[PDB]
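These notes concern the structure reproduced below.
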Amino acid sequence: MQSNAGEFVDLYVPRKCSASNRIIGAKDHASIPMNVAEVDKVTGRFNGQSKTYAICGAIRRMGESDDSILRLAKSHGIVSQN
Amino acid sequence: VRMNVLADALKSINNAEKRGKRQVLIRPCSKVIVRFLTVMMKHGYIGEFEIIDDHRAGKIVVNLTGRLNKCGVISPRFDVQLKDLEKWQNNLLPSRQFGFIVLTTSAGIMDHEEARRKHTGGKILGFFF
Amino acid sequence: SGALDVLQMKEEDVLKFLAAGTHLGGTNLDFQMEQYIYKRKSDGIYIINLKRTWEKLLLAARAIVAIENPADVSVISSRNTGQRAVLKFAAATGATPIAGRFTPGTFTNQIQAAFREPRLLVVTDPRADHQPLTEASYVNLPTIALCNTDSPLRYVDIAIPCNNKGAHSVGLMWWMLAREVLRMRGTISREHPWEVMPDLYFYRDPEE
Amino acid sequence: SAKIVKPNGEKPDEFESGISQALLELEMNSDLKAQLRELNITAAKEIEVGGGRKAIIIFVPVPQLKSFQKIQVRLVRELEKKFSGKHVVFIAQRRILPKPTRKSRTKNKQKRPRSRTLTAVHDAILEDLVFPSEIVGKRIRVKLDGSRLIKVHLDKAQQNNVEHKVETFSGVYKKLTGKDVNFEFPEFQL
Amino acid sequence: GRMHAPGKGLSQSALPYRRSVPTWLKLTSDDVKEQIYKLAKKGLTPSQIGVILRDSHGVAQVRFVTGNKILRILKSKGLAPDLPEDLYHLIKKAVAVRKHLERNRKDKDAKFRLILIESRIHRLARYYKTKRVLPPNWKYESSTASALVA
Amino acid sequence: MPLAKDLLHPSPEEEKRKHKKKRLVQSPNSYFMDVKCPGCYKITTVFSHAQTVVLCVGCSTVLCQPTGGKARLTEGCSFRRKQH
RNA sequence: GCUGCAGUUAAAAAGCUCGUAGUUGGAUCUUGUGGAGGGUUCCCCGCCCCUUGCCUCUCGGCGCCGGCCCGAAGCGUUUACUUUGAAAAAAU
């Protein structure tokens, strides 16, 4: 957040979950980052740079996260036509 | 019955956004709802929206994001005279800095920020933030 | 899948899926399990798609790879069928098994001597191991498990459908899970027969 | 005639006169005259597309429009070859009115019918361009720039009648209204 | 929902979007008119008329093969009745109730239901009579009910 | 609901098995039919929910029967929709 | 408690329905382009049919070379609403 100078304030800028577009607080212990491993996709062997996600507790606790994690990987890979 | 159409409309998109959705169905499609959502789209609280056509009155479908917190209606429709304005916007908005009271004037439907630059009072419809 | 046919399901594995009856799934359904099913028979039994099983296997396994420590991907199962299977899993691949009764408080205590902080979980059957799932949402653990048609989804991030009512469906699936993580991380890769088989991930089965 | 068959539209104009002459000639010829009955136009116009091709427009008096709809395909086929290298479509012309609720002055002349209104005409124009499909659905989408794109779901029969006219029909509507339209064939037919 | 019962229900007719002919059909506008006029002679009232066309003849409805409704066609002739059948059917019912009520004074249920159907006449009358479809002096009474239904 | 489902474009009959005024566009669930049995050698056209007796001009004098919905035909085939 | 209350159990929805006054009431009847003021389309003249809707004219000015053109005169079916003026004793 900006000021007169454009100087940035706020002690931490919180992170905003992928499929809910809302922000998770300092205490919120049902919110998970989930690391998918990429592969080279020529031999199907692990190669470094991961795809990382974040999900909030609200969609987790109702049981909607399973669709969200699927759709996120469906707009990328690995998922073709499921 | 369905005395006021716009008042029944906003509660759906309010309820839907809370649960976590991104497509809705709102009926029965008034022209008043269209120009409302046009202003609400420019600022960036909702995405592009598709008007289905029927002969009966139509149906509208919306694509939305979590940026919206709540859009409400204010009914019945009171007048504003550009000195009553400051009293309204204090009660109805979380902050001076952002939030947008909507209204209709003879210069068309618009936010309050625009009406002040045209020197037009008029009838208030709803709000959002 | 992703890569064109060097990750996609082979003709071989299809026989194993059908011989272990994984395709079959129970009478009762949930509204989160509607898409995974294709259809019903003429009788009460609903036929899980095997293509849809296969895609979910991969990113599940790829997440088990994505951690840089294999000693803190804590697997859990408490059903008798799922005891022998998990024991070989976490013996072969570096992982931590928690076999039998969970003994609650082991993801939230500072006094218990079985206290652990893992990152992932891999659970068999939500409705036998509901206890670790509830405690996972107090300390930010990603979660994976094996769901059936009638098993509800709640405090899980990804499902791996299976028949899993106590069958060869169980041990086969845990074997396949351990096969994939080695194709990406290990040197077992070649994708032509591995020495270890699914004939010892199957149930103890009281002998003569 | 061949020059005074275009009233309220200005009788002299080279291209429009050259259409009328050979048009009425076909109707007078004995080769087809058992379904052609000496109708006349009221104007005509030629308008391009971004496909790099021209297409001709035929206006009619509009009570006579109904009779054109009878033959409509045989006639258009013959004139597709006779005037070749351009696409051919019929359309109708209305005397659209400003509102008395105010865009031009009223004198309490008459009510203003709601078939003589503006919006009903722009709906009726679309009905003629793709008449052989007999429009199944209409949908609209609105853009972030306040533009509008009008989807039209057509019948899944009579496809190839309109499939080589599919883009060139869209350019017609642009010139008459000021709006952008797209044509689609739907997933399924009921 | 219902205006003198507590109920709620859907059974409404639903028309297609289309509205061509559609193609398959016959009896040009004019043919349909003479087909109708014969029926009104026989005492078939506008609701019945459209049914007997729709069930056994090639029409979908007589509003897409004509530019008018079934009733307006009859009205242009001058052969329309002097009160709508809707009003008539209300009054037609309530006379038999009043007969049964005179024959049996202990049927309080019938007496109750009469209050509803009675009040429903007066409401309907106040639609037409303000719209200059009835004389502004006409009223509903026992006597006028007897004569107007005959 | 999975709480993310599409509503723009529905399935051919897995989201058009719904009530007819709860669909995106209102459709009838009725149809016409072109008949021509023998009892009455003529190409008759009849609505599916007859609501009234359809008469015959031949030896027979009945073709239909109005029940509580569709209409029970008879011993004469004659079937079509056509198109709608 | 209009802004701003409450009525399952704490004080509290007429036993139930009909019904006039009162209050409240669905959808539907116009958009793009050069100049000017502000961006990179969009918000005083005009253009597609309309553009402050018309005429009819005649009396008293402006024109141009008897003849011709355009301001003022009736008004756009009626109101609410909103915006600008006028007119508002002092003291407080």
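Residue numbering in chain E adheres to Swiss-Prot, whereby the residues present occupy positions 2-151 in order.
Technique stated in the header: electron microscopy, 3.6 Å.
In case you wondered, yes, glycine gets a Cβ from its N, Cα and C as well.
Residues annotated as ubiquitin cross-link in Swiss-Prot, with similarity to another entry given as evidence: E:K27. Per Swiss-Prot, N6-succinyllysine is recorded for E:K27, E:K34, and the stated evidence type is similarity to another entry. Per Swiss-Prot, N6-acetyllysine is recorded for E:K27, and the stated evidence type is similarity to another entry. For E:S30, the entry in Swiss-Prot reads phosphoserine, with the evidence type similarity to another entry. Under the heading phosphotyrosine, Swiss-Prot lists E:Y38. The annotation SUMO2 cross-link is assigned in Swiss-Prot to E:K43.
Here the Cα atom of E:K34 (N6-succinyllysine) is found 15 Å from that of the residue listed as 'SUMO2 cross-link'.
Counting only residues at least six positions away in the same chain, the Cβ atoms of E:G59 sit under 8 Å from the Cβ of E:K27 (ubiquitin cross-link).
Cβ environment of E:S30 (phosphoserine): E:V66, E:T67, E:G68 lie under 8 Å away, each six or more residues apart in the same chain. Counting other CB atoms no more than 10 Å from each candidate's CB, the recorded positions E:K34, E:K43 peak at E:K34. The Cβ of the residue listed as 'phosphotyrosine' lies under 8 Å from the Cβ of E:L75, E:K78, E:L80, each of these being in the same chain and 6 or more residues away along the sequence.
Reduced to three states, the DSSP call for E:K27 (ubiquitin cross-link) is coil. In the three-state DSSP scheme, the residue listed as 'SUMO2 cross-link' falls into the coil class.
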